[PDB]
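Structural characterization, general
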Amino acid sequence: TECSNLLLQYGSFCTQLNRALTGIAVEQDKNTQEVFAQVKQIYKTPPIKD
Amino acid sequence: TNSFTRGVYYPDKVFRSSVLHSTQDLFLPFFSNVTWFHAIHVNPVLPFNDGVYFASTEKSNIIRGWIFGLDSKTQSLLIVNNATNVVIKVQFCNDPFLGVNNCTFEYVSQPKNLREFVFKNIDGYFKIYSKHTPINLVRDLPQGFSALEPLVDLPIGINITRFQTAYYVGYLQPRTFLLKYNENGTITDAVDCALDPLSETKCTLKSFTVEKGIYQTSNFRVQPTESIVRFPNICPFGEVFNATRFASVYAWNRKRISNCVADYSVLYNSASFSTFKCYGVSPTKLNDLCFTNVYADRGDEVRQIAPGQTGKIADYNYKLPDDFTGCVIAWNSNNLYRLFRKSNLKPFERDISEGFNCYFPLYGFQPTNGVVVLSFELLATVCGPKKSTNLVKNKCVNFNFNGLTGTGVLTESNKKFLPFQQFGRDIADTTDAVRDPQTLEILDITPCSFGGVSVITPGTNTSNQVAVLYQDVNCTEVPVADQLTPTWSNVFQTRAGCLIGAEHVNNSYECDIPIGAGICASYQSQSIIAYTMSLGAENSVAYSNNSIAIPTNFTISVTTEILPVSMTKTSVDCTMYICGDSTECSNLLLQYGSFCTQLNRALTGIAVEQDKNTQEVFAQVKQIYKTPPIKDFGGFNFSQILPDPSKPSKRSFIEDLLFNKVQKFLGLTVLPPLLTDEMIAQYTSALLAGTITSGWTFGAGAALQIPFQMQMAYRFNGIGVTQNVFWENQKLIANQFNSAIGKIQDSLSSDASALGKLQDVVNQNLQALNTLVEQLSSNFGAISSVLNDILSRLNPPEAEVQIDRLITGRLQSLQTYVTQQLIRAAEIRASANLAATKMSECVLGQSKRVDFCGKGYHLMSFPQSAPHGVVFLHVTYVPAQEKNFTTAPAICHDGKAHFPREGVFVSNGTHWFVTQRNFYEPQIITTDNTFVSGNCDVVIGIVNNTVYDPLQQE
Amino acid sequence: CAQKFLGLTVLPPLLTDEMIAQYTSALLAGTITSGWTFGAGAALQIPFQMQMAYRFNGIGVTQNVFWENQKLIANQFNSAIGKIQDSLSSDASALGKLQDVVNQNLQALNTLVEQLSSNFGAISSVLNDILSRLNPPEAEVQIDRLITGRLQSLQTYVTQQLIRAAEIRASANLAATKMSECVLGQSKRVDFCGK
Amino acid sequence: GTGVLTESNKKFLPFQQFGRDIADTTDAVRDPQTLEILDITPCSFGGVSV
Amino acid sequence: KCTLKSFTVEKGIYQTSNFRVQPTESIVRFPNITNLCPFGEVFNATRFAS
Amino acid sequence: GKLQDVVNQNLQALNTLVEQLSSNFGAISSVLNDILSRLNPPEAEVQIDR
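Method of determination for the deposited model, per the PDB record: cryo-EM, at 3.72 Å resolution.

Comments concerning the overall build of chain B
When helices and strands are counted, chain B shows 14 helices and 32 strands. In summary, chain B has a C-alpha radius of gyration of 42 Å against a globular reference of 30 Å for 954 residues, an excess of more than 25%. Taken along its principal axes, the extent of the C-alpha atoms in chain B is 145 × 100 × 60 Å.

Details of unusual backbone geometry
All names here are of chain B. Unusually for a residue other than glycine, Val 382 sits at a positive phi of about 65 degrees. Looking at the secondary structure, you find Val 382 in the loop between β13 (373–375) and β14 (408–409). The residue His 898 is not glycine, and still its phi comes out positive at about 55 degrees.

Quick look at the pattern of salt bridges
Among the salt bridges present, the one from D:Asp31 reaches E:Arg29, with a minimum N-O distance of 3.6 Å. Here the residue D:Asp31 occupies a position in the loop between β3 (26–30) and β4 (37–42), and E:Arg29 occupies one in the loop between β1 (15–20) and α1 (40–43), the pair thus bridging two chains.

Quick look at the interface of chain B and chain C
Contacts between the two partners involve 40 residues from chain B and, on the opposite side, 37 residues from chain C. Per-element accounting of the side of chain B that touches chain C gives the leading share, 4 residues, to helix α14 (residues 796–843) of chain B. Tallied by class, the residues present in the side of chain B that touches chain C amount to 18 nonpolar, 17 polar and 5 charged.

Considering the sheet that holds strand β2 (residues 18–20) of chain D
Residue and element names in this part refer to chain D. With antiparallel pairing, 4 strands are arranged side by side in an open sheet as β1-β4-β3-β2. Strands with a single pairing partner mark the edges of an open sheet, and in this sheet they are β1 (3–7) and β2. Ignoring strand direction, the axes of neighbouring strands in this sheet form an average angle of 25 degrees. Bridge count between β2 and β3: 3 bridges; the pairing is antiparallel. Looking at the pairing, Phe 18 lines up with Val 29 of β3.

Remarks on the sheet that holds strand β22 (residues 529–533) of chain B
Residues and elements named next belong to chain B. Sheet architecture is open: 3 strands sit in the order β20-β22-β21, paired in mixed fashion. Either end of the sheet is taken by a strand with one partner, and the two such strands are β20 (503–509) and β21 (519–522). Direction aside, neighbouring strands of the sheet carry axes that sit 40 degrees apart on average. Sheet topology note: the β20/β22 ladder contains 4 bridges and is parallel. Considered in β22, the bridge of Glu 503 is made with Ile 529.

Structural notes on the packing of helix α12 (residues 759–774) of chain B against α14(B)
Residue and element names in this part refer to chain B. Interaxial distance between α12 and α14 falls to 10 Å at its minimum, and their mutual angle equals 170 degrees. With respect to α14, the axis of α12 lies roughly antiparallel. Listed contacts from α14 to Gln 764, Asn 765, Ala 768, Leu 769 and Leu 772 of α12 are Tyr 817, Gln 821 and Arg 824. Split by residue class, the contact of α12 with α14 holds 4 nonpolar, 3 polar and 1 charged.

Things to note about the side chain of F:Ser23
Along the polypeptide, F:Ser23 turns up in the loop between α1 (2–21) and α2 (32–38). Of note is the side chain of F:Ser23, whose polar atom sits 2.9 Å from the backbone nitrogen of F:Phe25. Sequence-distant contacts of F:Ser23, defined by excluding residues within four places in its chain, comprise B:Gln591, B:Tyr592, B:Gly593 and F:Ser30.

Some remarks on the arrangement of the chains
By contact count, the leading pair among the 7 pairs of chains in contact is chains B and C. At their nearest point, the C-alpha atoms of chain A and chain D are still 12 Å apart, with no contact between the two. If you take every C-alpha in chain A and every C-alpha in chain E, the smallest gap between them is 28 Å, and the two do not touch.

Focus on the packing of helix α2 (residues 13–35) of chain A against helix α7 (residues 140–181) of chain C
α7(C) packs onto α2(A) with a crossing angle of 15 degrees between their chain directions and a minimal axis gap of 9 Å. Classed by the angle they form, the pair α2(A) and α7(C) counts as roughly parallel. In this structure, α2(A) crosses over α7(C), and the sense of that crossing is left-handed. Contact with α2(A), carried on its side by A:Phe13, A:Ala20, A:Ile24, A:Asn31, A:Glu34 and A:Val35, involves C:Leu151, C:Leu154, C:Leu162, C:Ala165, C:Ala172, C:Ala176 and C:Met179 of α7(C) and no other residues of that element. In the contact of α2(A) with α7(C), the residues fall into 11 nonpolar, 1 polar and 1 charged.

So, the interface of chain F and chain B
With 8 residues of chain F at the contact, the number on the chain B side is 6 residues. Secondary structure elements with two or more residues in the side of chain F that touches chain B: α1 and α3 (40–49) of chain F. For the side of chain F that touches chain B, the element with the most residues is α1(F), which contributes 3 residues. Taken together, the residues that form the side of chain F that touches chain B break down as 3 nonpolar, 4 polar and 1 charged.

A closer look at the UniProt feature "disulfide bond" in chain B
All names here are of chain B. The UniProt disulfide joining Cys 193 and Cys 203 is present here, with an S-S separation of 2.0 Å. Taken together, the positions of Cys 193 in the loop between β9 (187–192) and α1 (197–204) and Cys 203 in helix α1 put the pair 10 residues apart, joining distant regions of the chain. Where 2.5 Å serves as the upper bound for a disulfide, the S to S distance of 2.0 Å between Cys 892 and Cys 936 confirms the link that UniProt reports. Here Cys 892, found in the loop between β28 (869–888) and β29 (899–900), pairs with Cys 936, found in the segment after β32 (930–931); they are 44 residues apart in sequence, far enough to count as distant.

Observations regarding the state of the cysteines
At a sulfur-sulfur separation of 2.0 Å, the disulfide partner of B:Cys235 is B:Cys260. Of note, the bridge from B:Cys235 to B:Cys260 carries an S-S torsion of about -40 degrees and is left-handed in sense. Taken together, the residues B:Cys235 in the loop between β10 (213–221) and α2 (237–240) and B:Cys260 in the loop between α2 and α3 (266–269) connect sequence positions 25 residues apart. Disulfide pairing places B:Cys475 opposite B:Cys498 at an S-S distance of 2.0 Å. When the S-S torsion is -125 degrees, as for the bridge of B:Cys475 with B:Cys498, the disulfide is left-handed. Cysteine C:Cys1 remains unbridged, with the sulfur of B:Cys448 as its closest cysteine sulfur at 17 Å. Between D:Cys43, a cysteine without a disulfide, and B:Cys585, which holds the nearest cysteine sulfur, the sulfur-to-sulfur distance is 17 Å.

Remarks on the packing of aromatic side chains
Any two aromatic rings considered together are summarised by their centre-to-centre distance and by the angle between their planes. Between the aromatic rings of B:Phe665 and D:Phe45, the centroid separation amounts to 6.4 Å while the plane-to-plane angle is 15 degrees, which identifies the pairing as stacked. Taken together, the residues B:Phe665 in the loop between α7 (653–659) and β26 (668–670) and D:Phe45 in strand β5 (residues 45–49) connect one chain to another. Summarising the aromatic geometry, the rings of C:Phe66 and C:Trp67 are spaced 5.6 Å apart at their centres and angled 90 degrees between planes, so their arrangement reads as edge-to-face. Cluster of aromatic residues (ring-pair linked, three or more members): B:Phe633, B:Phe636, B:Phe638, B:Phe708, B:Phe737 and B:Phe862. We note B:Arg16 situated over the ring of B:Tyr181; from NZ or CZ to the ring centre the distance is 4.5 Å. A cation over a ring is seen here: B:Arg849 above B:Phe852, with NZ or CZ 3.5 Å from the ring centre.

Thoughts on the pairing of strand β2 (residues 52–56) of chain B
Residue and element names in this part refer to chain B. As judged from the 4 bridges shared by β2 and strand β7 (residues 168–171), these two strands associate in the antiparallel manner. Of the residues in β7, the one forming a bridge with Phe 54 is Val 169. Relative to strand β5 (residues 115–118), β2 runs antiparallel, the two sharing 4 bridges. Bridging across to β5, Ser 56 finds its partner in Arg 115.

Here is what the cut-offs are and how they apply
Residues numbered from 1 in each chain as written, not as in the entry; some residues may be left out. Chains lettered and ligands numbered in written order. Part of a larger assembly, values for the part shown. Heavy atoms only, no water. Residues with missing side-chain atoms left out of burial classes, pairs and counts. Helix = DSSP H or I, 4+ residues; strand = E, 2+ residues; numbered from the N terminus. Rg over C-alpha atoms; globule rule 2.2 N^0.38 Å. Salt bridge = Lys/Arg side-chain N within 4 Å of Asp/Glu carboxyl O. Contact = heavy atoms within 4.5 Å. Nonpolar A, V, L, I, M, F, W, Y, C, P; charged D, E, K, R; others polar. Pairing = 2+ DSSP bridges. Axes fitted to C-alpha atoms, helices over the stretch in contact; angles between N-to-C directions. Parallel < 35°, antiparallel > 145°, perpendicular 65-115°, else oblique. Polar contact = N/O pair within 3.5 Å; in protein donor to acceptor, adjacent residues only side chain to side chain. Left-handed = near helix turned anticlockwise from the far one by under 90°. Disulfide = S-S within 2.5 Å. UniProt positions renumbered as here; feature names shortened; annotations may be inferred. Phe/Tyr/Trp six-rings, centres within 6.5 Å; stacked < 30°, edge-to-face > 60°. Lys NZ or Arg CZ within 6 Å of the ring centre and 35° of its normal.

Next comes the structure, spelled out in structure tokens:
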């Protein structure tokens, strides 16, 4: 605890860090969704590949 | 004891208005249980704590005077709090209420209800806050806001309180919380932290209103509850540290004994023996810390303890390293030599082996004048005795392996500790495993569980319900170390997290509040619902070797794609950010290798770049096309997108709607855009006109001139729609376009959903500044966060240290800001070159890029300006009303395969015709509309039909 | 114990390998069913062989070039996919950039993790033991300097992770472009879709 | 500090001697010697572009 | 020229200096306490012993 | 200029590092040698750490 109270002396350090990291995390999901989850439909691969 | 009675008060805080501020001032959480009332009717009250809050009713005084305060012994106040001279006394007639060593410290005379004397504590003295007493609550507990501060601090010093006197008492906890100050700086309903996870989110985001989303709330840990300080325990040390023998100049021992159990140099802890100095350790942690050195080792100069000092220790006397750990004690009243040494000494060197004839010889026992250190190792132990509980399995404790303090569970000694049988390290940290000092057969490899907490918030404008997920969790159970309110409350046992849940749905739906891991949530009889994220809708259309779907009709859809172009570019002048109005630190500004100048240089670079981004995105012209005064272009009501009417100074209607959506002396400034919103609107005009009047305004030299219907004719022709509908469907294409603009005007301009992506930059930029300025309110280890206070409080030789500490902190934060912005500038540059590319190939021409310039087959895009960005209305062609026709590539009987020139040999079961992938619009095979190479070939797909040659002409 | 307790964890992707594979299935299925005729979701069904004829015609050869060579073309295709099945095996190129990205991040943490042990000018780095050894008053260096050091290491980590993210975002933007132009579309661009 | 003193446009509760801004820099001070509070604006400042 | 350490400066606008406004007065505001602080009762006390 | 600006910023980035060395960072002097010449034994660690 003592070091956490001392870390708080570096005011709101991690709030900024956590936000940046979270921003990266949503950006990653945004990238996946944007890259391949591009379809509003899921066409099912035909059972007969003729 | 419910209804969320708000334990709020102004915590001696400066008046602030229109703000949201967080603190930890021991407020009253809404946890009240029972209170002491209804004593009499038609039973003494003695509740006590330091962390208390009192509230009650009124008829006269009711409390027979409000009191606070043992009995007639010490520090007894029993303040009357009545009209007749309230005094701070420190027990006879006041024992009962009045009516039906008397040393005083202070005099104040400060003077159904809701009288509150709440929030008490000492702070070395006294603390008390008080609230108004409304008389129209028509209930027992008022929805209130806060208590005020008449005067709180007085010379009381009560270590404990138990005095009072239809009654209410609450008890305080040192919790963090959020206080909302309205425009009049009145604290409105506050939000406790750890009251509930939604409140945790509100604290987390330092914002009461919380949009629907997954917010990462504070982490969670199980509490270590016990500790081990175990060692076999029980040497001369405890007695021989003192020695009559005094020969230390030619002697500094280190190991009088290798193993001590009698180690308690209280001589230092209480200074029961003499003066001392400890290096690297507390003087009091003598049985908490242990070293493998138990003994060691005078002169008028104890100044020569000298861990790297410039004394006689350098060459004659005993030397210690600058990086020395240990503790030294001295002796006096006591009534070998420090002769000259030609060589220098090394740390911990013990050398007791040219100045004419004076180098070889080498004290005085008479009272010439009234004119000893133990080194500490870094390690196991064998000193500083201590004992505790036995090994604790399956629950987490502190002090794992005694000499170290860990929070791991003491289980599973599945490690051999082969060479030494004592200690293990992790792949990534000092401590991984231990062998218990007394029973060397058991281990600590399981640190008390810990992880992050994500919270699902449905959006506070709809619901106050939440779901919570421990990011890494067994999904077997959740401990109670925190809200502490719910049970562990059927919850989806997902790896994403599982503490308190949501209906775990066996059905599937569109994604919302995406927790991640293929799991989404919503509030849809309102409750949190957790779903397995579904995919897009199933498409089951059959395909065959001869089945082709061909549109018979079409629509024009307008995709509104909004891209950031520029940042809310700023310039931080560190002279103020760090040193505003501070002249003492002025020397420090110069101290740097222009680091500040370089940080500002980076932001200036960013700003110039931002102007360049706007310039590429909008300024690709030399002569601007003035929108012709027509409103006559195929009837397309471009009047809705062009800045023609001059109602606003320059803006178009769509851009008006875009601009209708979407902080002083901060030490920084937000530089004006080079091109104002008015100029951008005018460049927008320059592009839209020209775009609808000539075409390639840049690429084709103002694009000569086009009737506009010829233009979109050619654009259809570009997308692959040739000689099909651009002329046949005049008044239909125009109508669909028009309707699409209506679709944007009442949809995104009413929501700003798609439009909020612009703010992904603006919000972040503001947050970045908000972070930066908020970062100022930080001590960084300095005595105070306020530089001017350091200057007003500390002298030069002492202030500079803390000034520099604060400066270093602020410089680290500023570098962080510059860096964050340099990277965001790069990202926006990437979006800006995308936007410029899109303006160039979507607006200044017809891009063949599929699903790039909007959804579907882009034929056109009409840009509009947005604050720090561009919105492209990409008018795209979409096929519609598809019919499943039979296809084949070829026919014969003419001795010619006759493959379709550009079309498809398609039939409705008969009437084999040829058309394209644009519209049904069937046509007779028409030899001139086919391509022949191969005749009656072995090629797959001949349908044995015939085609008329227009030149048969018989 | 590859991933230990350092506060450094991984949040699962929204789109899990099942979800990614599932979307990929849709994408391929759309490719073999509408090819390019999509109103960004509004697929128009075409027979695959016919789609190939149209794509071939879109590249400057006639539809009959494909049809005359239907057997050739389809058979060359089958051989080519087999070639890739083998050429992507035997750890070829370590699957290129994908390995690199993961390597770019695991190391990002091995570095961050290593920094945990740095003393930052202090005697030690084991903060819990530092507090045990000395009292907070005597911790301007023992704790706060250490904290500052870790602060910088984390800030460096996020900074580099943001750069990594920016780079990744650009890669993803290009990948998305390919996803909508190269697949679910016919690129007319040289080396956009490979040589 | 340094700044422009002006009559505030808002009365503040008597319990505090001074107020603070969003940037946590002093917003206003009640005069210890007078029954008034004066907004304090940081003295005009900014960059110089040549 | 100094900001860029070059005697010849390219045509353009440069972020050169820092504009702050010089204060025109020194304003001292303290409560009008006329009671000399009884430090003598603290430091010239007859008995500190206890 | 496009291709000059890049080399420029790269070199400038180097130029900056050179300038940075000149900083004392709050130290008694700017060069390790001076530190090593003035307060070496007792405070080299402190000044050097700075």
